Amino acid sequence: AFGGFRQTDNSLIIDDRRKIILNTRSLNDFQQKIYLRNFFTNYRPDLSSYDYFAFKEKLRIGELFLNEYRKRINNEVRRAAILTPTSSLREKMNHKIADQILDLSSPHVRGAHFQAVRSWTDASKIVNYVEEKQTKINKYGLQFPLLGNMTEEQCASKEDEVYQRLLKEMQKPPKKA
Amino acid sequence: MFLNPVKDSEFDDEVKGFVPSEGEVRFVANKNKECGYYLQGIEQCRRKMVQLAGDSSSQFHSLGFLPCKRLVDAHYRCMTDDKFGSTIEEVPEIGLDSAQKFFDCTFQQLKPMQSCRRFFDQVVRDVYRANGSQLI
Amino acid sequence: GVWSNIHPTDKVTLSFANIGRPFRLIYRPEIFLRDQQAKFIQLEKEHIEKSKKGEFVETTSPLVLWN
Amino acid sequence: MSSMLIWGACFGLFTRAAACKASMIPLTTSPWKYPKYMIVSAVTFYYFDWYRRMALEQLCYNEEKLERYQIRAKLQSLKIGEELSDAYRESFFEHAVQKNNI
Amino acid sequence: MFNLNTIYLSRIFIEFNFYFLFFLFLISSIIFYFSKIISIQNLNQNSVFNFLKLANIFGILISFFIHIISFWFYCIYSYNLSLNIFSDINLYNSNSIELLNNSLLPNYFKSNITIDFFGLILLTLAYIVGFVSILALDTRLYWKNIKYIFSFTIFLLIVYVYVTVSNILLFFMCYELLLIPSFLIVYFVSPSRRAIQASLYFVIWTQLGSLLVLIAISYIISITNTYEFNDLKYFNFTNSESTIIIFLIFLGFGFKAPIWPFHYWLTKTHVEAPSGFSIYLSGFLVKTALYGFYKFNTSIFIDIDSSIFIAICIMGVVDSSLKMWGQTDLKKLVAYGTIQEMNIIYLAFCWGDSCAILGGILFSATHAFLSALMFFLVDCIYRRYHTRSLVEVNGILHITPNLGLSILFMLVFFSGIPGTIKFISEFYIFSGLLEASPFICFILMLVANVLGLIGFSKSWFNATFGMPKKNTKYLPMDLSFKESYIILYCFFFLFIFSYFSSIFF
Amino acid sequence: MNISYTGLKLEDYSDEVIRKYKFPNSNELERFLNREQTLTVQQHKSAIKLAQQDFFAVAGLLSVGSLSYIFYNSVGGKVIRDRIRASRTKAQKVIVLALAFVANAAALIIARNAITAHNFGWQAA
Amino acid sequence: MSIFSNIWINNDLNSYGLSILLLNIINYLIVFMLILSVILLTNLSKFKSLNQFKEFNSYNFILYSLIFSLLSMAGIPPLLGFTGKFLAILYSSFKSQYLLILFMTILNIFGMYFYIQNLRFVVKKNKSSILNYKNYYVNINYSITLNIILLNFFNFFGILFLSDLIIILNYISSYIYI
Amino acid sequence: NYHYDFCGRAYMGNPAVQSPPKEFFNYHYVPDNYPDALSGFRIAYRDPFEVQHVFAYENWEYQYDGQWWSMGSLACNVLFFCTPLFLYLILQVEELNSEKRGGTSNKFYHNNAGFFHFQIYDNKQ
Ligand SMILES: CCCCCCCCCCCCCCCCCC(=O)OC[C@H](COP(=O)([O-])OCC(O)COP(=O)([O-])OC[C@@H](COC(=O)CCCCCCCCCCCCCCCCC)OC(=O)CCCCCCCCCCCCCCCCC)OC(=O)CCCCCCCCCCCCCCCCC
Ligand SMILES: CCCCCCCCCCCCCCCCCC(=O)OC[C@H](COP(=O)([O-])OCC(O)COP(=O)([O-])OC[C@@H](COC(=O)CCCCCCCCCCCCCCCCC)OC(=O)CCCCCCCCCCCCCCCCC)OC(=O)CCCCCCCCCCCCCCCCC
Ligand SMILES: CCCCCCCCCCCCCCCCCC(=O)OC[C@H](COP(=O)([O-])OCC(O)COP(=O)([O-])OC[C@@H](COC(=O)CCCCCCCCCCCCCCCCC)OC(=O)CCCCCCCCCCCCCCCCC)OC(=O)CCCCCCCCCCCCCCCCC
Ligand SMILES: CCCCCCCCCCCCCCCCCC(=O)OC[C@H](COP(=O)([O-])OCC(O)COP(=O)([O-])OC[C@@H](COC(=O)CCCCCCCCCCCCCCCCC)OC(=O)CCCCCCCCCCCCCCCCC)OC(=O)CCCCCCCCCCCCCCCCC
Ligand SMILES: CCCCCCCCCCCCCCCCCC(=O)OC[C@H](COP(=O)([O-])OCC[N+](C)(C)C)OC(=O)CCCCCCCCCCCCCCCCC
Ligand SMILES: CCCCCCCCCCCCCCCCCC(=O)OC[C@H](COP(=O)([O-])OCC[N+](C)(C)C)OC(=O)CCCCCCCCCCCCCCCCC
Ligand SMILES: CCCCCCCCCCCCCCCCCC(=O)OC[C@H](COP(=O)([O-])OCC[N+](C)(C)C)OC(=O)CCCCCCCCCCCCCCCCC
Ligand SMILES: CCCCCCCCCCCCCCCC(=O)OC[C@H](COP(=O)(O)O)OC(=O)CCCCCCCCCCCCCCC
Ligand SMILES: Nc1ncnc2c1ncn2[C@@H]1O[C@H](COP(=O)(O)OP(=O)(O)O)[C@@H](O)[C@H]1O
């Protein structure tokens, strides 16, 4: 069973919910647990242990994914430099590419910093973005060998499902406007 | 989880994510910490009932999972702060669908409690989003 | 094996990790919990009987014990 | 492993070997002391197993009484004026009236 | 395509390598004890000492091969476990796979094995550095200390239990078990007479930190009755308890992993200890403390500023780098280099569980190998030239060209040339520190990589170069095959470990 | 313990409540009871047996190869070893050269097999 | 002690500090008995100064028995005295006595060095002759050697079996109603 | 500029020739030590000055209380003494910059809820 450590402070604690008054030095183990030690120590305390483990993994993968965006845009800049002569090179770079380079700066992507200082809201947004990409991939089942593991029956069922989905999408008419 | 479908989507399935309010996160975390006993009780009682009356020839095979009803109702009341009814059947229409999904996860599909807690927390979150100032 | 066959936890962990906790809690925790809940058991029984009856008691509703 | 008798026999054998090594005498000296040590170790360790299990059982039983002492000791340890406070008044009356069944 | 066969093979390999080592040790010890009335060497060709040496060496080597295989299995298992957890997004589906234990061998200490990348890196370091040190201590073990041939096997068993256990108490006990064998080695195997006092200094200095860590563990256990190392997620320590725990943990583990000002014992022990045991000490015995500090500080939530700890680490780095110049003793100079590298590694762990841990682990590995190389070179110099002082040693290259070449390439590797895990670790740490505090990063880099580097290189260059005109009748010949291949293997690891999978780094 | 079927009557509970708390199919109940929803205990046992056999084979091969190499290449100096091998018979030389390599290679191949999941039934297209 | 609707819950065993004190006393007595048995096995007149610790520089059994006994008295982790010291610190933490822990640690480290410094004197130029001569030969007592061996085994492996001893001591102390 | 006559407080060896030391600290070995016999076991006589230099620093000690501050240069000694505080204050200023910007701060981050780096998390039946 969890216990507590005797407190020395002489402050008074008010619990409006239970309508009682306590003293910090007089708290027992359970009262200390209820009043002190309750603070949160993770981005999403509402999630269970397994759910927060998944959240942590998705956050790590999202950080790596933003770093991959930065690496890809840098590689595209290198490709542009090699293919296009210096004349008109900056004229062509003053487009989507330069805006993306600036938008993927250090505050938005953690290149080599020890920690990406993100609020819990920012972590939730990154995990949601990763989950959106995962859903888009899983729609067509592109994650069998990479980013996933499945049995033979699961693979066959996924192939059939993706075939049906592709057929329905093809049969759908073009979007207006 | 925490993903909303796109109403006007070019393709069949598209989802946009959202972040729940800090008040909602605090409420869900506090209620889970306070009522975690009931979820473990639900798991253990489900296993116990399956063991006791799993066989078709068992006398109590027709009363399956009924004893878990008290645990489920107690968990619902603990999560909802004894408001919005004293039973799961009294769940509001906003969370009725999520409650049905949770029941299918737990008793029909017999999926892991890791999975079914997602639907139970979805019910709680739906109630909290519907009310807002009523729970806090 | 034999020396630790008394308890699933290892002997060193038993000797050091458990400080001040009752041996009733270390061994046979179910009996400890049931003794702790003795009165709550009868309260829950009365609540169940009343619920079967017309009356519904909200004071003891939280007492739904499984261990 | 699981047999305390066999564990004690092995302990006695190794104790005899270690004693021979420490005394610097050949390990074959006084051969009759090997079975003697094995038997003595097996018997004593078997008895110690039984005694440890008995002591654990009796300690578990005594803890029930010790809980009664703790509850009553806690009430008597209350500082002056706290025995009629809302946080202890009902328990104090329970222990001073309901349990006054002599 | 990942299947349960790989999972069970990984678990079985990890569990059974420990029992392989334990049974080898048990059989060797039984033979040693029951073959002779008195457990000392018989000075003849038919002594059991040859068999014991063979058994120890080629138990360590075979267990190292099996550890390579098991580490690769663990890497695959962990990568696929992460993929399984991350990939599935359906709410109904959840990864809940339960494994049933084998019925052949029991779980040692009734504990379920848990393995991590840092723990397995530490175990690999244990294997390799122990192999090098045992190869070194052959000339030291003679006729009354042969019983210490099993010291490195005991170290391997202790480290295996240390890194393959999910119990806080067993973790702490394994960490504390390392003192007795090391003290006995220093006391009974060190040729120099000052080793007697060096051993006492080592014992007292390390035991002060051991007591600090013991106080921290008592705080954790008494407050939280749990011991599983994972139930701490559901219990939060108050601010006062957390700050006390972090301070105690940091100071206690820095007593072992040398930090300023607690490195007097390290200098004394390195100077006055066996040349073969100093390799093991510097390479491995100062990194168990880092591993324990990482585990505890990542398990506990800490709400205090780490500026004080960072300042302590940087002060230690600066102190060691400045003092490098004034050391004419090669062994003491290498000890100061060890202090510097260990302080940098410790600084790498001052940001909780941030990305700095990867750089810290890589720097721990590279420092282990580099310190092993440097201490082995010092050992060769001392053994063939009967002195390890710059004033008495000069012009090594012109009489022992291979040794001089090894010294020069060791200096090049220590300089941190690109293409080496040393350079990679420096890059990680400095890239993080530049954004953390760029001016502090500049000061640290300047000091360590200029002033300390110059002080370190002065003595080694002066020893390697020159003209050995003194005592021409007593000059040595060259390195042996054993020494040459040890140096080559150190260089090969330092070079090729940069190609290890980047998933874990 | 008040959590039991005693005292429960289907009349008290509504039809929807009973349907909600109705037992699933017998196959689903058996899978849940035996914990074989995804993998079977026999599959676990077979995997464990294969793992133990592979570990034993790998360890034995490594030990045999290492000891054979040591004893064959630890007879003396270069000249002594060369002369001994020259006097060595043809088959003895063949075994001396091949035993250690074959043992180590078999161990490494057995190690590689587990990580390489070639025996997957989806190979098609 | 917690109250929930007049139901007292006690997760603390009051009869535990006395058990820990008894354990410490027993451990110290065992280690003292080990060292004194080592002394009694030899000639008593030799040992009269801390310098005379070198006189223990005799055959391996006596030498290492003395070394490990001194380490156990100091409180080195694997040995027996560490069990008592660690459990005392654990109980102090349980009772929330940080100042008592501090003073205990100061005393422990000072005493640890006090015990350790004698290992320096244990070093001797040659092998000592501290055994009494009987029938023209040194008298080695098999019974005392066996007792020292049992004490050495328990000193080395007390951690493994400490749970049983702790159970027995708590069982004995529980009879006290305090 | 450094000369022995005019150094005063920056000590160094005197340039004048001196007779060899009669007594000096020397190498000592543990009793019953096994000799090191690498490369034929050839030992040369050690130079007294070289041995004295080898063992001088280990035995050097301050003669009187407070000599450390005065020896060498007082300003450099005080700067070296105050170095840890300078480092700590620089770190605090850099942390001020970090706080006001939003970059990495000096704290024990707890992104993982006690989940160690690539640890194996499994359950058993
Ligand atoms: C499920 C369980 C699993 C767990 C395992 C648990 C079990 C663990 C134990 C396992 C072993 C079992 C042993 C059972 C018998 C134990 C009896 C007993 O009490 O033991 C202690 C007791 C000895 O203590 P002690 O002498 O009283 O102590 C004196 C103090 O030291 C004080 O010393 P002191 O200096 O004052 O005096 C020295 C001593 C000097 O004297 C001595 O040397 C002592 C005596 C030694 C010789 C004894 C005679 C041997 C020959 C005949 C044996 C009887 C017939 C056996 C029939 C077997 C048929 C199948 O002085 C005396 O003479 C005093 C003692 C007087 C004589 C006592 C006679 C006792 C006889 C006991 C017989 C036991 C077997 C009966 C079985 C019956 C079957 C129907 O008896 C013995 O140990 C007797 C010796 C037995 C071992 C002999 C070893 C050397 C010879 C080996 C030959 C091997 C050949 C075969 C090879 C096969 C492989 C290739
Ligand atoms: C003829 C005897 C043959 C014995 C065969 C082996 C059978 C078991 C031993 C039974 C002996 C019974 C009689 C007592 C004789 C010894 C006392 C004595 O004075 O004899 C003088 C007798 C004659 O005197 P002498 O030789 O002239 O004088 C030498 C002095 O004794 C100086 O000698 P020394 O320096 O060599 O002494 C050892 C030295 C240093 O000794 C060591 O360091 C022992 C290393 C053992 C290897 C395994 C360690 C693995 C560590 C992993 C981490 C675990 C963490 C757990 C958390 C809590 C912390 C432990 O001192 C210590 O032991 C102090 C450190 C203690 C560390 C505690 C380690 C606990 C590990 C528990 C076992 C783990 C098993 C896991 C696998 C199974 C899972 C189901 O001495 C001998 O003949 C040699 C005795 C040397 C020790 C023998 C035992 C070593 C091998 C142990 C293998 C089995 C594991 C241990 C558990 C055993 C059951 C409880
Ligand atoms: C984790 C920390 C743990 C710390 C442990 C601290 C203690 C460790 C060291 C001491 C332990 C006791 C060792 C045995 C006694 C010494 C004498 C002896 O037997 O050897 C001489 C004797 C040597 O015979 P020999 O060489 O053939 O001839 C000798 C002379 O020529 C001829 O000899 P003699 O004619 O002059 O005398 C022969 C007589 C000599 O025997 C004696 O006179 C024994 C002297 C000691 C008496 C005190 C024993 C108390 C035992 C209870 C536990 C407390 C132990 C306290 C120990 C330290 C106290 C300062 O031999 C016997 O009969 C030996 C029997 C020994 C067992 C006694 C059991 C008494 C139980 C009483 C209490 C029962 C519970 C009541 C509950 C109440 C509830 C209302 O040894 C043997 O025959 C066997 C030697 C090899 C196997 C030894 C097995 C020892 C097992 C110890 C178990 C300890 C408890 C369980 C573990 C607890 C922790 C988990
Ligand atoms: C807090 C506000 C700060 C901001 C405001 C602006 C800065 C104000 C700082 C204060 C400047 C005026 C006071 C300095 C007096 C000298 C130091 C002293 O007291 O030590 C005893 C002084 C030194 O004796 P000694 O070192 O034991 O004997 C050496 C012999 O010369 C034999 O030596 P050697 O021939 O072997 O050669 C060694 C020589 C050469 O040594 C070397 O080559 C090795 C490197 C030495 C260090 C060079 C300085 C590097 C930059 C320092 C950066 C510090 C940052 C951390 C502190 C930050 C604090 C804000 O070593 C020396 O440097 C010794 C000379 C004295 C130290 C000069 C350097 C450090 C002074 C403190 C600077 C503080 C700057 C703070 C601002 C930083 C920027 C934000 O003793 C004497 O009086 C003998 C004469 C020595 C030459 C004096 C030169 C004239 C100085 C001006 C005199 C008028 C002062 C009026 C004061 C008015 C009331 C407030
Ligand atoms: C129905 C019951 C029937 C029972 C029948 C009786 C069975 C008797 C069995 C006797 C076995 C004797 C084995 C001796 C082996 C000697 C090996 C050797 O040479 O080693 C020498 C070595 C070396 O000794 P050394 O010191 O002389 O060394 C010589 C070497 N130089 C020269 C270098 C010094 O020492 C030993 O190992 C001998 C001493 C130990 C002997 C241990 C014997 C254990 C016996 C256990 C019996 C258990 C029976 C259980 C019965 C249970 C019934 C329910
Ligand atoms: C209840 C069961 C208990 C089992 C106890 C196990 C008993 C172990 C006994 C060891 C005896 C060692 C000496 C044997 C005789 C050697 C004769 C010789 O030199 O001729 C050369 C012959 C053959 O040499 P070769 O020239 O043919 O070389 C090829 C070698 N083999 C056959 C191994 C491929 O014997 C040997 O070479 C055997 C060497 C044995 C020593 C090995 C030392 C390495 C470490 C292992 C030691 C054993 C521990 C257990 C295994 C490891 C842990 C799992
Ligand atoms: C470096 C010194 C020389 C080397 C030896 C090392 C010895 C010192 C080891 C570190 C000890 C901890 C120091 C930092 C403490 C930080 C927390 C703190 O006290 O702040 C007030 C803390 C934190 O307060 P707070 O203000 O942050 O929040 C709580 C505020 N109230 C209570 C009002 C609500 O306040 C306390 O609760 C007081 C705790 C004081 C504890 C001091 C004694 C510790 C005893 C155990 C360790 C003893 C080790 C001895 C080793 C041997 C020495 C020879
Ligand atoms: C050197 C060969 C290595 C082979 C790989 C597996 C090694 C496993 C560890 C063995 C340790 C030594 C024996 C211990 C015996 C003991 O007391 O063993 C005692 C225990 C008994 O366990 P329980 O009592 O709990 O049932 O043995 C075991 O648990 C299993 C022992 C190993 C079983 C496999 C044997 C393989 C034999 C290979 C023969 C060819 C080898 C050729 C080498 C050149
Ligand atoms: N250890 C030393 N300490 C101080 N000065 C030294 C030392 N060794 C040499 N010198 C200096 O070297 C010079 C003498 O050179 P040296 O090689 O000894 O030739 P010689 O003594 O024949 O003149 C002097 O200036 C002397 O001060």
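Everything below is about the structure printed above this text.
Cut-offs used in this document
- Residues numbered from 1 in each chain as written, not as in the entry; some residues may be left out.
- Chains lettered and ligands numbered in written order.
- Part of a larger assembly, values for the part shown.
- Heavy atoms only, no water.
- Contact = heavy atoms within 4.5 Å.
- Buried area = accessible area lost by both parts, 1.4 Å probe.
- Salt bridge = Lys/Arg side-chain N within 4 Å of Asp/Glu carboxyl O.
- Helix = DSSP H or I, 4+ residues; strand = E, 2+ residues; numbered from the N terminus.
- Buried < 20%, exposed > 50% of the residue type's maximum accessible area, 1.4 Å probe, protein only.
- Pairing = 2+ DSSP bridges.
- Near = heavy atom within 4 Å.
- Areas by Shrake-Rupley, 256 points an atom, 1.4 Å probe, with all protein chains shown as cover.
- Nonpolar A, V, L, I, M, F, W, Y, C, P; charged D, E, K, R; others polar.
- Disulfide = S-S within 2.5 Å.
- Polar contact = N/O pair within 3.5 Å; in protein donor to acceptor, adjacent residues only side chain to side chain.
- Axes fitted to C-alpha atoms, helices over the stretch in contact; angles between N-to-C directions.
- Parallel < 35°, antiparallel > 145°, perpendicular 65-115°, else oblique.
- Left-handed = near helix turned anticlockwise from the far one by under 90°.
- Core = buried A, V, L, I, M, F, W, Y, C linked by side-chain atoms within 4.5 Å.
- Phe/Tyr/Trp six-rings, centres within 6.5 Å; stacked < 30°, edge-to-face > 60°.

J.: Run through the interface of chain E and chain F, naming residues and quoting values.
T.: The interface of chain E with chain F comprises 28 residues on the first partner and 27 residues on the second. Together, the buried faces of chain E and chain F total about 2,500 Å²; carbon and sulfur atoms form 81% of this surface. Between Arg35(F) and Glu98(E) there is a salt bridge whose closest N-O contact spans 3.1 Å. Taken together, the elements giving at least two residues each to the side of chain E that touches chain F come down to α1 (4-35), α2 (48-87) and β1 (98-99) of chain E. If one sorts the elements of the side of chain E that touches chain F by residue count, α1(E) sits on top with ten residues.

J.: Tell me what's going on with the pairing of strand β1 (residues 12-15) of chain A, and back it up with residues and numbers.
T.: Residue and element names in this part refer to chain A. Across the two faces of β1 the burial differs, with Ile 13 and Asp 15 buried and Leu 12 and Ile 14 not buried at all. Examined bridge by bridge, β1 and strand β2 (residues 20-23) share four bridges and lie antiparallel to one another. Directly across from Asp 15, in β2, lies its bridge partner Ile 20. Connecting β1 to the next strand, β2, in antiparallel fashion are four residues, including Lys 19 with a positive phi near 60°.

J.: Residues and numbers for the site of ligand 6, please.
T.: Lining the immediate environment of ligand 6, one finds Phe20(E), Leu24(E), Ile27(E), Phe51(E), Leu54(E), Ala55(E), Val64(F), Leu67(F), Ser68(F) and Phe71(F). Close to ligand 6, residues of chains E and F are found. In isolation ligand 6 has 1,200 Å² of accessible area, and contact with the protein removes 41% of it. Within the residue set of the shell around ligand 6, elements represented by two or more residues are α1 and α2 of chain E together with α3 (41-72) of chain F. Grouping the amino acids of the shell around ligand 6 by side-chain chemistry returns nine nonpolar, one polar and no charged.

J.: Help me get a handle on the state of the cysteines, residues and values and all.
T.: Per the counting criterion, the structure on display carries two disulfides over all chains. Through a disulfide, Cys35(B) is tied to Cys78(B); the S-S separation comes to 2.0 Å. Here the S-S torsion is close to -85°, and the disulfide linking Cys35(B) with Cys78(B) is therefore left-handed. One end of the pair, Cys35(B), is in helix α1 (residues 22-53); the other, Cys78(B), is in helix α2 (residues 68-80), and 43 residues separate them in sequence. Side by side, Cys35(B) and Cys78(B) carry an identical accessibility label, which is buried. Sulfur-sulfur distance for the disulfide between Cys105(B) and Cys116(B) comes to 2.0 Å. With the S-S dihedral at roughly -85°, the linkage between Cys105(B) and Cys116(B) falls on the left-handed side. Placement of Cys105(B) in helix α3 (residues 93-108) and of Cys116(B) in helix α4 (residues 113-131) is noted, with a sequence separation of eleven residues between them. With no disulfide of its own, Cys68(B) has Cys45(B) as its nearest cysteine by sulfur position, at a separation of 3.3 Å. Judged by relative accessible area, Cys68(B) falls into the buried class, the value being 0%. The thiol of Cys313(E) is not disulfide-bonded; the next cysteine sulfur, from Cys350(E), is found 4.1 Å away.

J.: Pulling in residues and values, what's your account of the interface of chain E and chain H?
T.: Each partner contributes to the interface: chain E provides 84 residues, whereas chain H provides 57 residues. Of the roughly 6,400 Å² buried between chain E and chain H, counting both surfaces, carbon and sulfur atoms make up 57%. Ranking the residues of chain E by area buried against chain H places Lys233(E), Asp353(E) and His386(E) at the top, with a combined share of 9%. For the pair chain E and chain H, the number of links is five salt bridges. For the interface between chain E and chain H, the tally reads 32 residue pairs in polar contact.

J.: Lay out the packing of α1(E) against helix α4 (residues 151-163) of chain E in plain terms, naming residues and giving numbers.
T.: All names here are of chain E. Here α1 crosses α4 at 155°, and the two axes come no closer than 10 Å. Taken together, the axes of α1 and α4 lie roughly antiparallel to each other. Between α1 and α4 the crossing geometry is left-handed. Residue-level contacts link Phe 13, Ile 14, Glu 15, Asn 17, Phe 18, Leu 21, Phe 22 and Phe 25 of α1 to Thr 153, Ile 154, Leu 156, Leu 157, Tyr 160 and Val 161 of α4. Classifying every residue of the contact of α1 with α4 by side-chain character gives eleven nonpolar, two polar and one charged.

J.: I'd love a proper account of unusual backbone geometry, names of residues and values included.
T.: The omega torsion across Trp260(E) and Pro261(E) is 0°, close enough to zero to call that bond cis. With respect to the element layout, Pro261(E) can be found in the loop between α8 (239-256) and α9 (264-272). The backbone of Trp143(E) shows a phi angle near 75°, a positive value even though the residue is not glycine. Relative to the elements of secondary structure, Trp143(E) occurs in the loop between α3 (117-136) and α4. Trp143(E) sits in the partly exposed class, given a relative accessible area of 31%. Phi is positive for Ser5(G), which is not a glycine, with a value near 55°. Assignment of secondary structure puts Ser5(G) in the loop between β1 (2-4) and β2 (7-9).

J.: Which residues make up the site of ligand 9, and what values go with them?
T.: In the vicinity of ligand 9, the contacting residues are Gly13(H), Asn14(H) and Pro15(H). Protein chains shield 17% of the accessible area of ligand 9, which is 550 Å² for the free molecule.

J.: I'd like a rundown of the nonpolar core, residues and numbers included.
T.: In terms of nonpolar packing, the biggest core is built from 313 residues, with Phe16(C), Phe456(E), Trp460(E) and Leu71(G) touching the most fellow members. Leave out the neighbours within four places in its chain, and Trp460(E) touches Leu330(E), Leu333(E), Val334(E), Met374(E), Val378(E), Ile381(E), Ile407(E), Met410(E) and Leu411(E). Grouped together as the second largest cluster of nonpolar side chains are 48 residues, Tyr38(B), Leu66(B), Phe103(B) and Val124(B) included.

J.: Tell me what's going on with the packing of helix α1 (residues 17-41) of chain G against helix α2 (residues 60-74) of chain G, and back it up with residues and numbers.
T.: Residues and elements named next belong to chain G. Running from amino to carboxyl end, α1 crosses α2 at an angle of 155°, the nearest separation of the two axes being 10 Å. Overall, the two elements α1 and α2 adopt an arrangement that is roughly antiparallel. Note on packing geometry: the crossing formed by α1 with α2 is left-handed. Along its contact with α1, which presents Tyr 28, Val 31, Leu 34, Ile 35, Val 38 and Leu 41, the element α2 presents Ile 62, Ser 65, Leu 66, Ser 69, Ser 72 and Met 73. A class-by-class count of the residues in the contact of α1 with α2 yields nine nonpolar, three polar and no charged.

J.: Describe the packing of aromatic side chains, with residues and values.
T.: According to the stated counting rule, one finds 137 aromatic pairs over all chains in the structure shown. Between the aromatic rings of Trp3(C) and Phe48(D), the centroid separation amounts to 6.0 Å while the plane-to-plane angle is 40°, which identifies the pairing as tilted. With one member in each of two chains, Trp3(C) in the segment before α1 (11-17) and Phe48(D) in helix α2 (residues 33-77) form a pair that bridges those chains. Geometrically, the ring pair formed by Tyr142(E) and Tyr34(H) is stacked, given 3.9 Å between the ring centres and 10° between the ring planes. Of this pair, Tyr142(E) sits in the loop between α3 and α4 while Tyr34(H) sits in the loop between α1 (4-7) and α2 (48-59), each in a different chain. Note on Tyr34(H): relative accessible area 32%, which makes it partly exposed.

Functional significance is not addressed by these values, which are geometric in nature.
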